[PDB]
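First, one chain by itself: the form deposited in one PDB entry, in structure tokens.
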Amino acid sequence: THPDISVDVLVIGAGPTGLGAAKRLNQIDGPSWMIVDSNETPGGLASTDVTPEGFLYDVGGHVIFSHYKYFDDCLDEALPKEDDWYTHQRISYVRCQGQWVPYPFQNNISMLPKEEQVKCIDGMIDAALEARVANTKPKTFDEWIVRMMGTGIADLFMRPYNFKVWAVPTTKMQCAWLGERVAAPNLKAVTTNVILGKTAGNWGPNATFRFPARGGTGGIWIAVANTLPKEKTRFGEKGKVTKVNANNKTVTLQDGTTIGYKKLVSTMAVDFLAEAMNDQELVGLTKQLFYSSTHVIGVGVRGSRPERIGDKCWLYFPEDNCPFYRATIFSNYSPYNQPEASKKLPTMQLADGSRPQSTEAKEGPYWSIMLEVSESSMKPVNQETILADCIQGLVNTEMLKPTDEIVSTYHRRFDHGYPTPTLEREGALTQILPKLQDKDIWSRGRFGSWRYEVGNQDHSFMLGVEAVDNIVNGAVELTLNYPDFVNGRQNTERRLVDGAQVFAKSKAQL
């Protein structure tokens, strides 16, 4: 019995990974293909939301750094106009003992209190000496931290912060993922800065970045998707997958529709995929994986951007005076992430949690703060108090004065927020993924393949691109299996226009 639809390559999910697949499928223009998503708006976790008050919020505050020229190509194609983008410098700090320590923390001990400087420089001297002699490798994230930074910085920042964000102890995570995530501090340079009182916040791929002028980051993915042939997309309730029959290569949609595929690129969470397959073995396997949920909190506030806030981009909060691990001055990325000054809005509450002296709609201007709070079986959070707790936290960290007027609030919980690089992860993935591929199913993405090291938007996008390129041109999936390889190089070879398309164009013009 024939399926309602038959394609060579079926793409499930229209987030960055899925759209990457679609883009390369569309570029090659060889096999037939189709992309579906239960959401009417493509973008997935890289989408932007809006409060009724006109405040925009990305899903946690997303800053792009591109490792791939291909990813750049597709962005330039979607938002080609110069004024589609703003370019910014990374102003990042960590909140430690009343003071803002420039990112990364481990490289800026100099901004700490004297007593704390001691504990830190001590830990590093120890670690540098043991390292001069070490011949074994760190078994856990935690060991790596101690080995690389010493007990001083471990206890002061690394350990408490990482629990606050991963929702699992540092001793429960693996060490291989953090090539380009965590900076290994040089003893000599660190003490030199302590002596001099200088800073060093240039480490990391976040140096300088682009942000879309309108629509938040979610705008990019809407623009990218628009380059696809509408009839090959199926977004909304009509595109919600409810069943995957690996054995006879057919997917079933919510509305009963059936799609037949030769090859399946799934970008939904691999545990949901296992469920949708009714494959008991895979379900059990995926159940060995671990993830944290993410609460994204949005706070719209009236007033000119306080000088105390300055041009800070994102801030890290290791201390326990606030529930959130990171905050972003989202209003700094684009003036279109919040209403214009002329827009009149009533004050909902003051930062201290009290009623405003006036509930009349007043003018702005406005600024915006975006928060993230992790959740897991090891770190539960109370949904009905988290917004209030977050706002208090903003007070406690002197992000807001208790008098500051709050004009808009945003709170949304994303079940699958972070794929946790646990000690167990690979043992599971090295079974799950191979077994899926033996069924002609490329499971890829932040939760498709579950590898955070390679879980950024560009990474995800390329996972989709490279899956297709593997399916069609026999390309090695570098991003999936070799995070350090792709992350350590400039990937310039693959382009939105490869030789193939050039030669075909010229043969058609004769």
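The first residue of the sequence shown is number 1, and the count goes up from there. So that the term is clear: the rigid core is the largest set of C-alpha atoms that superpose within 1.5 Å between two forms.
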Worksheet item: Looking at the deposited entry, does 164-172 or 100-108 carry the larger mean Cα B-factor?
Response: 100-108
Worksheet, complete the sentence: The stretch whose C-alpha atoms carry the larger average B-factor in the entry, 182-190 or 363-371, is 182-190
Worksheet item: At the C-alpha atoms, which of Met34, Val59, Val50, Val63 reaches the highest B-factor in this entry?
Response: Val63
Worksheet item: Highest CA temperature factor in the entry: which of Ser304, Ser292, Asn226, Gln288?
Response: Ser304
Practice prompt. Could you tell me which third, lowest, middle or highest, the C-alpha B-factor of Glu82 occupies within its chain?
Written response: highest
Worksheet, complete the sentence: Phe414: CA B-factor among chain residues, third -> middle
Discussion item. Using only modelled residues of the chain, where does the Cα B factor of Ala508 rank: lowest third, middle third or highest third?
Written reply: highest
Response to the item:
So, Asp72's CA B-factor, relative to its chain, sits in which third? The lowest
Practice prompt. Relative to the other modelled residues of the same chain, rank the CA B-factor of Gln338 and answer lowest, middle or highest third.
Written response: highest
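The same protein also has a form deposited in another entry, omitted here; what follows describes it.
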Item to complete: With the two forms aligned on their rigid core, point out which item of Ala134, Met348, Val118, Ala184 shifts its C-alpha by 2 Å or more between this form and the one not shown.
Response: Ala184
